[PDB]
$ cat input_33.pdb   # PDB, C-alpha atoms
ATOM      1  CA  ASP V 198      37.739  -2.692  14.227
ATOM      2  CA  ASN V 199      38.856  -0.207  11.573
ATOM      3  CA  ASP V 200      36.024   2.241  10.852
ATOM      4  CA  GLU V 201      32.381   2.985  11.621
ATOM      5  CA  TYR V 202      31.200   0.302   9.166
ATOM      6  CA  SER V 203      34.407  -1.547   8.263
ATOM      7  CA  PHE V 204      36.560  -4.159   9.992
ATOM      8  CA  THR V 205      39.289  -6.692   9.228
ATOM      9  CA  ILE V 206      39.971 -10.351  10.060
ATOM     10  CA  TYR V 207      43.567 -11.503  10.376
ATOM     11  CA  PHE V 208      43.469 -15.323   9.980
ATOM     12  CA  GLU V 209      46.766 -15.716  11.822
ATOM     13  CA  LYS V 210      46.370 -19.497  12.142
ATOM     14  CA  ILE V 211      46.298 -20.337   8.426
ATOM     15  CA  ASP V 212      49.579 -20.108   6.485
ATOM     16  CA  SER V 213      48.672 -20.830   2.860
ATOM     17  CA  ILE V 214      48.037 -18.762  -0.268
ATOM     18  CA  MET V 215      45.378 -21.336  -1.094
ATOM     19  CA  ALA V 216      42.240 -21.599   1.054
ATOM     20  CA  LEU V 217      42.449 -17.930   2.011
ATOM     21  CA  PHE V 218      40.223 -17.065  -0.943
ATOM     22  CA  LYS V 219      38.144 -20.096   0.056
ATOM     23  CA  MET V 220      37.677 -18.599   3.529
ATOM     24  CA  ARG V 221      36.789 -15.266   1.917
ATOM     25  CA  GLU V 222      34.123 -16.924  -0.236
ATOM     26  CA  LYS V 223      32.802 -18.891   2.745
ATOM     27  CA  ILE V 224      32.476 -15.631   4.685
ATOM     28  CA  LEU V 225      30.746 -13.956   1.734
ATOM     29  CA  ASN V 226      28.202 -16.814   1.584
ATOM     30  CA  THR V 227      27.203 -16.622   5.260
ATOM     31  CA  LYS V 228      23.547 -16.032   6.115
ATOM     32  CA  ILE V 229      22.703 -13.225   8.529
ATOM     33  CA  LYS V 230      18.886 -13.446   8.692
ATOM     34  CA  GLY V 231      15.822 -14.954   7.057
ATOM     35  CA  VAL V 232      14.788 -18.511   6.257
ATOM     36  CA  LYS V 233      16.419 -20.635   3.579
ATOM     37  CA  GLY V 234      14.906 -20.796   0.105
ATOM     38  CA  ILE V 235      13.065 -17.463   0.201
ATOM     39  CA  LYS V 236      14.449 -14.891  -2.229
ATOM     40  CA  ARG V 237      12.243 -11.867  -1.516
ATOM     41  CA  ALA V 238       8.895 -11.185   0.149
ATOM     42  CA  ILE V 239       6.397  -8.455  -0.752
ATOM     43  CA  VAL V 240       3.506  -7.224   1.399
ATOM     44  CA  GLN V 241       0.231  -6.728  -0.477
ATOM     45  CA  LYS V 242      -3.358  -5.805   0.370
ATOM     46  CA  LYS V 243      -6.082  -8.184  -0.819
ATOM     47  CA  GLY V 244      -9.197  -7.055   1.047
ATOM     48  CA  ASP V 245      -9.101  -5.491   4.499
ATOM     49  CA  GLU V 246      -6.116  -7.702   5.400
ATOM     50  CA  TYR V 247      -2.417  -7.840   4.544
ATOM     51  CA  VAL V 248      -0.754 -10.863   2.935
ATOM     52  CA  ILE V 249       2.827 -11.711   1.987
ATOM     53  CA  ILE V 250       3.772 -12.988  -1.472
ATOM     54  CA  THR V 251       7.052 -14.899  -1.505
ATOM     55  CA  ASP V 252       9.370 -15.754  -4.401
ATOM     56  CA  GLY V 253      10.629 -18.828  -2.523
ATOM     57  CA  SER V 254       9.025 -21.971  -1.121
ATOM     58  CA  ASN V 255       9.847 -23.353   2.338
ATOM     59  CA  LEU V 256       6.662 -24.582   3.995
ATOM     60  CA  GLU V 257       8.010 -25.958   7.284
ATOM     61  CA  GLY V 258      10.244 -22.952   7.912
ATOM     62  CA  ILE V 259       7.332 -20.563   7.437
ATOM     63  CA  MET V 260       5.161 -22.695   9.723
ATOM     64  CA  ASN V 261       7.902 -22.282  12.337
ATOM     65  CA  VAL V 262       7.808 -18.480  11.922
ATOM     66  CA  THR V 263       5.857 -16.618  14.598
ATOM     67  CA  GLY V 264       2.875 -14.578  13.443
ATOM     68  CA  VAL V 265       1.920 -16.887  10.552
ATOM     69  CA  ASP V 266      -1.536 -18.456  10.214
ATOM     70  CA  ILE V 267      -0.575 -22.099   9.734
ATOM     71  CA  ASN V 268      -4.101 -23.241   8.822
ATOM     72  CA  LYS V 269      -4.420 -20.832   5.873
ATOM     73  CA  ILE V 270      -0.958 -20.925   4.266
ATOM     74  CA  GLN V 271      -0.997 -21.843   0.578
ATOM     75  CA  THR V 272       1.977 -22.696  -1.614
ATOM     76  CA  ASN V 273       2.761 -23.236  -5.287
ATOM     77  CA  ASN V 274       4.707 -26.460  -4.632
ATOM     78  CA  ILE V 275       2.716 -29.692  -4.790
ATOM     79  CA  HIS V 276       5.398 -32.154  -3.662
ATOM     80  CA  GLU V 277       6.099 -30.044  -0.568
ATOM     81  CA  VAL V 278       2.452 -30.029   0.522
ATOM     82  CA  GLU V 279       2.163 -33.711  -0.420
ATOM     83  CA  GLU V 280       5.018 -34.583   1.939
ATOM     84  CA  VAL V 281       3.880 -32.164   4.662
ATOM     85  CA  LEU V 282       0.069 -32.382   4.582
ATOM     86  CA  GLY V 283      -0.722 -35.649   2.790
ATOM     87  CA  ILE V 284      -2.050 -37.049  -0.461
ATOM     88  CA  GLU V 285      -5.611 -35.670  -0.340
ATOM     89  CA  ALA V 286      -4.218 -32.167   0.163
ATOM     90  CA  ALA V 287      -2.000 -32.722  -2.879
ATOM     91  CA  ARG V 288      -5.059 -33.858  -4.851
ATOM     92  CA  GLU V 289      -6.983 -30.715  -3.912
ATOM     93  CA  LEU V 290      -3.973 -28.524  -4.698
ATOM     94  CA  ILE V 291      -3.582 -30.123  -8.135
ATOM     95  CA  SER V 292      -7.252 -29.442  -8.856
ATOM     96  CA  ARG V 293      -6.940 -25.821  -7.718
ATOM     97  CA  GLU V 294      -3.731 -25.251  -9.691
ATOM     98  CA  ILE V 295      -5.216 -26.596 -12.925
TER      99      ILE V 295
ATOM    100  CA  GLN G 197      37.971 -23.138 -30.166
ATOM    101  CA  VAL G 198      39.742 -22.129 -26.941
ATOM    102  CA  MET G 199      37.689 -21.848 -23.749
ATOM    103  CA  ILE G 200      38.814 -20.180 -20.511
ATOM    104  CA  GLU G 201      37.146 -20.867 -17.165
ATOM    105  CA  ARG G 202      37.167 -19.199 -13.751
ATOM    106  CA  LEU G 203      36.430 -21.936 -11.227
ATOM    107  CA  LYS G 204      34.857 -21.520  -7.797
ATOM    108  CA  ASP G 205      38.246 -21.564  -6.028
ATOM    109  CA  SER G 206      39.490 -18.426  -7.852
ATOM    110  CA  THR G 207      41.586 -20.388 -10.351
ATOM    111  CA  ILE G 208      41.742 -19.948 -14.126
ATOM    112  CA  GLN G 209      41.901 -22.929 -16.485
ATOM    113  CA  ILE G 210      42.369 -23.077 -20.263
ATOM    114  CA  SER G 211      41.109 -26.099 -22.198
ATOM    115  CA  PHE G 212      40.759 -26.589 -25.950
ATOM    116  CA  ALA G 213      39.617 -29.497 -28.097
ATOM    117  CA  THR G 214      42.852 -31.394 -28.734
ATOM    118  CA  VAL G 215      44.254 -31.586 -25.190
ATOM    119  CA  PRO G 216      41.908 -33.423 -22.793
ATOM    120  CA  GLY G 217      41.089 -31.822 -19.468
ATOM    121  CA  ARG G 218      41.944 -28.361 -18.206
ATOM    122  CA  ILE G 219      45.396 -26.769 -18.044
ATOM    123  CA  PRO G 220      46.181 -24.027 -15.491
ATOM    124  CA  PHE G 221      46.819 -20.555 -16.872
ATOM    125  CA  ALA G 222      50.374 -20.221 -15.563
ATOM    126  CA  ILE G 223      51.280 -23.583 -17.125
ATOM    127  CA  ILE G 224      50.379 -22.316 -20.598
ATOM    128  CA  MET G 225      52.101 -19.006 -19.861
ATOM    129  CA  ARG G 226      55.330 -20.825 -18.966
ATOM    130  CA  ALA G 227      55.034 -23.074 -22.024
ATOM    131  CA  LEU G 228      54.816 -19.962 -24.236
ATOM    132  CA  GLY G 229      57.910 -18.232 -22.829
ATOM    133  CA  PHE G 230      56.691 -16.409 -19.690
ATOM    134  CA  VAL G 231      58.928 -17.724 -16.909
ATOM    135  CA  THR G 232      58.648 -15.010 -14.249
ATOM    136  CA  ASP G 233      55.314 -14.544 -12.493
ATOM    137  CA  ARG G 234      55.813 -10.775 -12.717
ATOM    138  CA  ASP G 235      55.940 -11.133 -16.501
ATOM    139  CA  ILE G 236      52.584 -12.930 -16.456
ATOM    140  CA  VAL G 237      50.887 -10.466 -14.110
ATOM    141  CA  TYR G 238      52.164  -7.525 -16.165
ATOM    142  CA  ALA G 239      51.125  -9.097 -19.468
ATOM    143  CA  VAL G 240      47.632  -9.544 -18.014
ATOM    144  CA  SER G 241      47.154  -5.951 -16.832
ATOM    145  CA  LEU G 242      48.728  -3.079 -14.910
ATOM    146  CA  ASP G 243      45.882  -2.751 -12.386
ATOM    147  CA  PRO G 244      46.785  -3.882  -8.839
ATOM    148  CA  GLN G 245      43.180  -4.946  -8.220
ATOM    149  CA  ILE G 246      43.231  -7.192 -11.292
ATOM    150  CA  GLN G 247      46.750  -8.376 -10.443
ATOM    151  CA  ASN G 248      45.566  -9.531  -7.008
ATOM    152  CA  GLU G 249      43.319 -12.158  -8.624
ATOM    153  CA  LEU G 250      46.253 -13.952 -10.291
ATOM    154  CA  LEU G 251      47.703 -15.211  -6.995
ATOM    155  CA  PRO G 252      45.890 -18.597  -6.739
ATOM    156  CA  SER G 253      46.614 -19.334 -10.402
ATOM    157  CA  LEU G 254      50.227 -18.196 -10.005
ATOM    158  CA  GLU G 255      50.822 -20.391  -6.962
ATOM    159  CA  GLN G 256      48.998 -23.396  -8.439
ATOM    160  CA  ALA G 257      51.941 -23.627 -10.870
ATOM    161  CA  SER G 258      54.699 -23.010  -8.312
ATOM    162  CA  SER G 259      55.979 -26.548  -8.925
ATOM    163  CA  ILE G 260      56.603 -25.789 -12.614
ATOM    164  CA  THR G 261      59.107 -22.944 -12.994
ATOM    165  CA  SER G 262      60.582 -23.699 -16.440
ATOM    166  CA  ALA G 263      59.298 -23.969 -19.995
ATOM    167  CA  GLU G 264      60.287 -27.635 -20.321
ATOM    168  CA  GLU G 265      58.339 -28.652 -17.208
ATOM    169  CA  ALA G 266      55.199 -27.051 -18.645
ATOM    170  CA  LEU G 267      55.924 -28.666 -22.015
ATOM    171  CA  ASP G 268      56.205 -32.196 -20.664
ATOM    172  CA  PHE G 269      53.225 -31.586 -18.374
ATOM    173  CA  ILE G 270      51.253 -30.905 -21.559
ATOM    174  CA  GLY G 271      52.920 -33.975 -23.060
ATOM    175  CA  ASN G 272      51.790 -36.158 -20.161
ATOM    176  CA  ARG G 273      48.318 -34.726 -20.743
ATOM    177  CA  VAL G 274      48.415 -35.675 -24.431
ATOM    178  CA  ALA G 275      51.009 -38.501 -24.663
ATOM    179  CA  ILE G 276      50.780 -41.356 -22.145
ATOM    180  CA  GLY G 277      53.477 -43.995 -21.733
ATOM    181  CA  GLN G 278      56.248 -42.359 -23.770
ATOM    182  CA  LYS G 279      59.697 -41.007 -22.998
ATOM    183  CA  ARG G 280      60.369 -37.363 -22.184
ATOM    184  CA  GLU G 281      61.809 -36.422 -25.589
ATOM    185  CA  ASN G 282      58.968 -37.450 -27.906
ATOM    186  CA  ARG G 283      56.528 -36.154 -25.289
ATOM    187  CA  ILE G 284      58.004 -32.654 -25.338
ATOM    188  CA  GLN G 285      58.249 -32.435 -29.126
ATOM    189  CA  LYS G 286      54.665 -33.688 -29.502
ATOM    190  CA  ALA G 287      53.450 -31.167 -26.920
ATOM    191  CA  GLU G 288      55.305 -28.263 -28.522
ATOM    192  CA  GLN G 289      54.062 -29.179 -32.004
ATOM    193  CA  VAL G 290      50.439 -29.511 -30.866
ATOM    194  CA  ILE G 291      50.728 -26.170 -29.056
ATOM    195  CA  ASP G 292      52.222 -24.527 -32.140
ATOM    196  CA  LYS G 293      49.611 -25.995 -34.504
ATOM    197  CA  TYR G 294      46.275 -26.251 -32.651
TER     198      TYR G 294
ATOM    199  CA  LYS D   7       7.359 -31.018  14.740
ATOM    200  CA  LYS D   8       4.204 -31.264  16.861
ATOM    201  CA  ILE D   9       2.131 -28.936  14.659
ATOM    202  CA  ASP D  10      -1.319 -30.406  14.017
ATOM    203  CA  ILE D  11      -2.270 -30.369  10.331
ATOM    204  CA  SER D  12      -5.697 -32.019  10.505
ATOM    205  CA  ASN D  13      -7.240 -28.527  10.710
ATOM    206  CA  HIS D  14      -5.676 -27.265   7.472
ATOM    207  CA  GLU D  15      -8.133 -26.035   4.856
ATOM    208  CA  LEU D  16      -6.789 -28.428   2.185
ATOM    209  CA  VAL D  17      -7.345 -31.562   4.303
ATOM    210  CA  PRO D  18     -10.721 -33.346   3.941
ATOM    211  CA  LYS D  19     -12.260 -35.421   6.740
ATOM    212  CA  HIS D  20     -10.736 -38.882   7.229
ATOM    213  CA  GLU D  21     -12.436 -41.674   9.167
ATOM    214  CA  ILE D  22     -11.598 -45.299   9.912
ATOM    215  CA  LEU D  23     -14.295 -47.608   8.558
ATOM    216  CA  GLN D  24     -15.538 -50.453  10.731
ATOM    217  CA  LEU D  25     -15.050 -54.020   9.546
ATOM    218  CA  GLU D  26     -18.769 -54.566   8.919
ATOM    219  CA  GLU D  27     -19.030 -51.428   6.779
ATOM    220  CA  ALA D  28     -15.869 -52.320   4.854
ATOM    221  CA  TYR D  29     -17.181 -55.835   4.208
ATOM    222  CA  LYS D  30     -20.526 -54.481   2.996
ATOM    223  CA  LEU D  31     -18.775 -51.984   0.710
ATOM    224  CA  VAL D  32     -16.486 -54.638  -0.767
ATOM    225  CA  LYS D  33     -19.334 -57.091  -1.375
ATOM    226  CA  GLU D  34     -21.598 -54.448  -2.928
ATOM    227  CA  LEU D  35     -18.861 -53.073  -5.192
ATOM    228  CA  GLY D  36     -17.872 -56.557  -6.379
ATOM    229  CA  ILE D  37     -14.137 -55.914  -5.997
ATOM    230  CA  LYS D  38     -11.162 -57.146  -4.077
ATOM    231  CA  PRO D  39     -10.229 -54.719  -1.273
ATOM    232  CA  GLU D  40      -6.914 -53.797  -2.936
ATOM    233  CA  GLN D  41      -8.680 -52.479  -6.054
ATOM    234  CA  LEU D  42      -9.573 -49.216  -4.291
ATOM    235  CA  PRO D  43      -7.175 -46.250  -4.433
ATOM    236  CA  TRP D  44      -4.230 -46.708  -2.092
ATOM    237  CA  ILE D  45      -2.988 -44.637   0.841
ATOM    238  CA  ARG D  46       0.300 -45.168   2.660
ATOM    239  CA  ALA D  47       0.207 -45.967   6.366
ATOM    240  CA  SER D  48       2.920 -43.323   6.895
ATOM    241  CA  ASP D  49       0.724 -40.552   5.482
ATOM    242  CA  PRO D  50       0.560 -37.665   7.993
ATOM    243  CA  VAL D  51      -3.246 -37.596   8.070
ATOM    244  CA  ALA D  52      -3.487 -41.394   8.188
ATOM    245  CA  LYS D  53      -0.919 -41.442  10.993
ATOM    246  CA  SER D  54      -2.832 -38.715  12.849
ATOM    247  CA  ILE D  55      -5.865 -41.022  13.174
ATOM    248  CA  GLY D  56      -3.901 -44.212  13.865
ATOM    249  CA  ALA D  57      -4.656 -45.955  10.581
ATOM    250  CA  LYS D  58      -3.181 -49.429  10.135
ATOM    251  CA  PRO D  59      -2.589 -51.522   7.003
ATOM    252  CA  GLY D  60      -5.601 -53.548   5.925
ATOM    253  CA  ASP D  61      -8.141 -50.915   6.983
ATOM    254  CA  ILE D  62     -10.367 -48.836   4.709
ATOM    255  CA  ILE D  63     -10.398 -45.059   5.167
ATOM    256  CA  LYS D  64     -13.552 -43.111   4.314
ATOM    257  CA  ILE D  65     -12.828 -39.574   3.105
ATOM    258  CA  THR D  66     -15.421 -36.789   3.009
ATOM    259  CA  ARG D  67     -14.571 -33.883   0.705
ATOM    260  CA  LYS D  68     -16.129 -30.550  -0.170
ATOM    261  CA  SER D  69     -17.811 -30.447  -3.555
ATOM    262  CA  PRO D  70     -19.574 -27.706  -5.563
ATOM    263  CA  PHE D  71     -21.972 -30.261  -7.089
ATOM    264  CA  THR D  72     -23.276 -32.197  -4.062
ATOM    265  CA  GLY D  73     -21.882 -30.379  -1.018
ATOM    266  CA  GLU D  74     -20.071 -33.353   0.529
ATOM    267  CA  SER D  75     -18.766 -36.331  -1.445
ATOM    268  CA  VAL D  76     -17.558 -39.580   0.128
ATOM    269  CA  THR D  77     -14.750 -41.709  -1.319
ATOM    270  CA  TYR D  78     -12.712 -44.625   0.004
ATOM    271  CA  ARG D  79      -9.039 -45.565   0.188
ATOM    272  CA  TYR D  80      -7.172 -48.746   1.109
ATOM    273  CA  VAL D  81      -4.354 -48.507   3.653
ATOM    274  CA  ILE D  82      -1.183 -50.161   2.355
ATOM    275  CA  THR D  83       2.162 -50.582   4.072
ATOM    276  CA  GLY D  84       4.710 -47.843   3.463
TER     277      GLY D  84
ATOM    278  CA  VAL B  38      12.005 -53.068   7.228
ATOM    279  CA  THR B  39      10.945 -53.563   3.613
ATOM    280  CA  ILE B  40      10.573 -57.338   3.989
ATOM    281  CA  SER B  41       8.442 -56.902   7.112
ATOM    282  CA  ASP B  42       6.171 -54.540   5.170
ATOM    283  CA  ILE B  43       5.856 -57.073   2.340
ATOM    284  CA  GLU B  44       4.967 -59.818   4.823
ATOM    285  CA  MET B  45       2.393 -57.482   6.391
ATOM    286  CA  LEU B  46       0.831 -56.837   2.983
ATOM    287  CA  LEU B  47       0.778 -60.542   2.109
ATOM    288  CA  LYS B  48      -0.836 -61.537   5.410
ATOM    289  CA  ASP B  49      -3.426 -58.761   5.132
ATOM    290  CA  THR B  50      -4.295 -59.945   1.619
ATOM    291  CA  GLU B  51      -4.627 -63.530   2.865
ATOM    292  CA  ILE B  52      -6.872 -62.474   5.761
ATOM    293  CA  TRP B  53      -9.092 -60.420   3.450
ATOM    294  CA  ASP B  54      -9.341 -63.305   0.975
ATOM    295  CA  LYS B  55     -10.267 -65.736   3.752
ATOM    296  CA  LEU B  56     -12.893 -63.337   5.117
ATOM    297  CA  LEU B  57     -14.425 -62.773   1.673
ATOM    298  CA  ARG B  58     -14.919 -66.540   1.239
ATOM    299  CA  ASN B  59     -16.830 -66.689   4.565
ATOM    300  CA  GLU B  60     -14.168 -69.035   5.959
ATOM    301  CA  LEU B  61     -13.986 -66.999   9.182
ATOM    302  CA  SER B  62     -16.397 -64.514  10.728
ATOM    303  CA  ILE B  63     -15.834 -60.829  11.454
ATOM    304  CA  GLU B  64     -14.555 -60.813  15.043
ATOM    305  CA  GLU B  65     -11.756 -63.338  14.502
ATOM    306  CA  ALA B  66     -10.850 -61.490  11.303
ATOM    307  CA  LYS B  67     -10.481 -58.299  13.353
ATOM    308  CA  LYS B  68      -8.415 -60.145  15.961
ATOM    309  CA  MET B  69      -6.114 -61.449  13.227
ATOM    310  CA  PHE B  70      -5.874 -57.971  11.686
ATOM    311  CA  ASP B  71      -4.820 -56.175  14.850
ATOM    312  CA  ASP B  72      -2.644 -59.094  15.998
ATOM    313  CA  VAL B  73      -0.657 -58.815  12.760
ATOM    314  CA  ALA B  74      -0.583 -55.032  13.161
ATOM    315  CA  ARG B  75       0.856 -55.247  16.681
ATOM    316  CA  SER B  76       3.257 -58.055  15.742
ATOM    317  CA  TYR B  77       4.777 -56.163  12.806
ATOM    318  CA  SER B  78       4.676 -52.737  14.475
ATOM    319  CA  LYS B  79       7.644 -53.730  16.666
ATOM    320  CA  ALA B  80      10.096 -53.495  13.759
ATOM    321  CA  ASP B  81       8.726 -50.125  12.619
TER     322      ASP B  81
END
$ encode --input "input_33.pdb" --output "structure tokens"
Amino acid sequence: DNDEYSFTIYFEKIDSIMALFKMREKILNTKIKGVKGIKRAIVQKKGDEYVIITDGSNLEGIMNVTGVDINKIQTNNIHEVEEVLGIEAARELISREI
Amino acid sequence: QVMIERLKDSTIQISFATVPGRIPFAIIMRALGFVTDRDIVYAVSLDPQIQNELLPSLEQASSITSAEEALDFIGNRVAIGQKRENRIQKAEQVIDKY
Amino acid sequence: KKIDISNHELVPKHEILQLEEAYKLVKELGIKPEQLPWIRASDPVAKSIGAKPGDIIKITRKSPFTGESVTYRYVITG
Amino acid sequence: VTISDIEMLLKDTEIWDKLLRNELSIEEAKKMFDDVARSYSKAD
């Protein structure tokens, strides 16, 4: 530890000018929360209920998320729902999208 | 046209039309008369923060520490299956012309 | 993943047609059985009802023109 | 895997063709259908 909101890693094992920047970039690319694929989520009010509009698409991950109505989720991706739900669901989604 | 890249691994490569492939920055710097790494990092800038980014590119050319080694590296890039002499004069002439 | 998807609002109703009904349909339509639209046996909905290749699946769908519309698919290997 | 699926498809087509020509009745057609299904479900 160094400060209230600042620390330092010492990497005493590695002895190379190369791969130190690689470790830095690997650290900078580490996920801390959220599900993969989603960029940002926005809460909106449609009627008397609250919905979430998402700039990413990850159907299975959202189905795994607690507090999500699995039987009413709708997505913009047709191949995802085709692989997850089936071919008739993909047909209906194509009709609705057009 | 001369194009300069900054790859994912914090290295800088210069590649133009005549010479195939990419050439590391310190290689071209040595071929043009900059032998000491301090000379390169002070010709780039005087800012320590900017100077810190030159380290991977500086060390990627630690094998080549003389102008002639850079010159015949460029020659090997452009001239294949020739002796050292004609290689170095061809490399220096293509550097001085194109 | 054990989540059941047969209750999703995009999924129509799938049924396995008996051999007599399939034979009557094929004779009345004047076609070979493989001339109907195909459905893979690995489809999640087809797998949920234990469909096997060679069977005919009857699908009931919502429709703004007639309420419920019935179509047929042929189960192929895949 | 793929060859077993192709053999399944070919045998199903043959059974359907035989049934459509009235060569065999319905119950033995069903027995052939599910016998082939069980026989080729082992590989899958």
$ residues_around --input "input_33.pdb" --residues "residue D:63" --least-positions-apart "5" --cutoff "8 Å" --atoms "all atoms listed in the file" --output "PyMOL selection string"
chain D and resi 20-23+57+78-81
$ interface_residues --input "input_33.pdb" --of "chain D" --to "chain B" --cutoff "9 Å" --atoms "only C-alpha atoms" --output "ChimeraX atom specification"
/D:25-26,29,32-33,38-40,58-61,82-84
$ write_last_selection --input "input_33.pdb" --atoms "C-alpha atoms" --output "PDB file, in the frame of the given file"
ATOM      1  CA  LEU D  25     -15.050 -54.020   9.546  1.00  0.00           C
ATOM      2  CA  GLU D  26     -18.769 -54.566   8.919  1.00  0.00           C
ATOM      3  CA  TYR D  29     -17.181 -55.835   4.208  1.00  0.00           C
ATOM      4  CA  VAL D  32     -16.486 -54.638  -0.767  1.00  0.00           C
ATOM      5  CA  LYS D  33     -19.334 -57.091  -1.375  1.00  0.00           C
ATOM      6  CA  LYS D  38     -11.162 -57.146  -4.077  1.00  0.00           C
ATOM      7  CA  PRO D  39     -10.229 -54.719  -1.273  1.00  0.00           C
ATOM      8  CA  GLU D  40      -6.914 -53.797  -2.936  1.00  0.00           C
ATOM      9  CA  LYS D  58      -3.181 -49.429  10.135  1.00  0.00           C
ATOM     10  CA  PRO D  59      -2.589 -51.522   7.003  1.00  0.00           C
ATOM     11  CA  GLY D  60      -5.601 -53.548   5.925  1.00  0.00           C
ATOM     12  CA  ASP D  61      -8.141 -50.915   6.983  1.00  0.00           C
ATOM     13  CA  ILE D  82      -1.183 -50.161   2.355  1.00  0.00           C
ATOM     14  CA  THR D  83       2.162 -50.582   4.072  1.00  0.00           C
ATOM     15  CA  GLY D  84       4.710 -47.843   3.463  1.00  0.00           C
TER      16      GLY D  84
END
$ atom_distance --input "input_33.pdb" --atom1 "atom CA of residue G:206" --atom2 "atom CA of residue G:291"
25.2 Å
$ closest_atom_pairs --input "input_33.pdb" --of "chain D" --to "chain V" --cutoff "8 Å" --atoms "all atoms listed in the file" --output "JSON lines"
{"residue": "D:11", "atom": "CA", "partner": "V:282", "partner_atom": "CA", "distance": 6.5}
{"residue": "D:13", "atom": "CA", "partner": "V:268", "partner_atom": "CA", "distance": 6.4}
{"residue": "D:14", "atom": "CA", "partner": "V:268", "partner_atom": "CA", "distance": 4.5}
{"residue": "D:15", "atom": "CA", "partner": "V:268", "partner_atom": "CA", "distance": 6.3}
{"residue": "D:16", "atom": "CA", "partner": "V:286", "partner_atom": "CA", "distance": 5.0}
{"residue": "D:17", "atom": "CA", "partner": "V:286", "partner_atom": "CA", "distance": 5.2}
{"residue": "D:18", "atom": "CA", "partner": "V:285", "partner_atom": "CA", "distance": 7.1}
{"residue": "D:45", "atom": "CA", "partner": "V:284", "partner_atom": "CA", "distance": 7.8}
{"residue": "D:49", "atom": "CA", "partner": "V:283", "partner_atom": "CA", "distance": 5.8}
{"residue": "D:50", "atom": "CA", "partner": "V:283", "partner_atom": "CA", "distance": 5.7}
{"residue": "D:51", "atom": "CA", "partner": "V:283", "partner_atom": "CA", "distance": 6.2}
$ atom_distance --input "input_33.pdb" --atom1 "atom CA of residue G:200" --atom2 "atom CA of residue G:264"
22.7 Å
$ decode --input "input_33.pdb" --residues "stretch 228-238 of chain G" --atoms "N, CA, C and O atoms" --output "mmCIF file, in the first residue's frame"
data_model
loop_
_atom_site.group_PDB
_atom_site.id
_atom_site.type_symbol
_atom_site.label_atom_id
_atom_site.label_comp_id
_atom_site.auth_asym_id
_atom_site.auth_seq_id
_atom_site.Cartn_x
_atom_site.Cartn_y
_atom_site.Cartn_z
ATOM 1 N N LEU G 228 21.185 6.300 -39.092
ATOM 2 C CA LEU G 228 21.272 7.704 -39.464
ATOM 3 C C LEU G 228 22.297 8.480 -38.648
ATOM 4 O O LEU G 228 22.421 9.694 -38.833
ATOM 5 N N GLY G 229 23.030 7.822 -37.755
ATOM 6 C CA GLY G 229 24.088 8.466 -37.008
ATOM 7 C C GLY G 229 23.850 8.652 -35.524
ATOM 8 O O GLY G 229 24.661 9.314 -34.868
ATOM 9 N N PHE G 230 22.775 8.099 -34.972
ATOM 10 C CA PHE G 230 22.488 8.187 -33.540
ATOM 11 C C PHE G 230 22.906 6.867 -32.902
ATOM 12 O O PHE G 230 22.179 5.874 -32.974
ATOM 13 N N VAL G 231 24.074 6.860 -32.267
ATOM 14 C CA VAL G 231 24.631 5.627 -31.718
ATOM 15 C C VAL G 231 24.236 5.431 -30.260
ATOM 16 O O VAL G 231 23.907 4.318 -29.841
ATOM 17 N N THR G 232 24.251 6.496 -29.464
ATOM 18 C CA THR G 232 23.917 6.387 -28.053
ATOM 19 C C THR G 232 22.410 6.491 -27.859
ATOM 20 O O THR G 232 21.744 7.315 -28.492
ATOM 21 N N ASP G 233 21.871 5.640 -26.981
ATOM 22 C CA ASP G 233 20.438 5.677 -26.709
ATOM 23 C C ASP G 233 20.020 7.003 -26.088
ATOM 24 O O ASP G 233 18.894 7.466 -26.311
ATOM 25 N N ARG G 234 20.907 7.627 -25.307
ATOM 26 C CA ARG G 234 20.608 8.947 -24.764
ATOM 27 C C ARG G 234 20.411 9.964 -25.878
ATOM 28 O O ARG G 234 19.538 10.835 -25.786
ATOM 29 N N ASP G 235 21.211 9.866 -26.941
ATOM 30 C CA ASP G 235 21.037 10.762 -28.078
ATOM 31 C C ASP G 235 19.653 10.603 -28.691
ATOM 32 O O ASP G 235 18.995 11.595 -29.020
ATOM 33 N N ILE G 236 19.186 9.362 -28.833
ATOM 34 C CA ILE G 236 17.862 9.126 -29.399
ATOM 35 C C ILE G 236 16.779 9.688 -28.487
ATOM 36 O O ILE G 236 15.878 10.409 -28.937
ATOM 37 N N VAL G 237 16.850 9.377 -27.190
ATOM 38 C CA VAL G 237 15.786 9.803 -26.287
ATOM 39 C C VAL G 237 15.801 11.305 -26.050
ATOM 40 O O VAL G 237 14.788 11.864 -25.616
ATOM 41 N N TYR G 238 16.917 11.981 -26.315
ATOM 42 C CA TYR G 238 16.934 13.433 -26.227
ATOM 43 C C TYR G 238 16.589 14.105 -27.546
ATOM 44 O O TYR G 238 16.139 15.256 -27.539
#
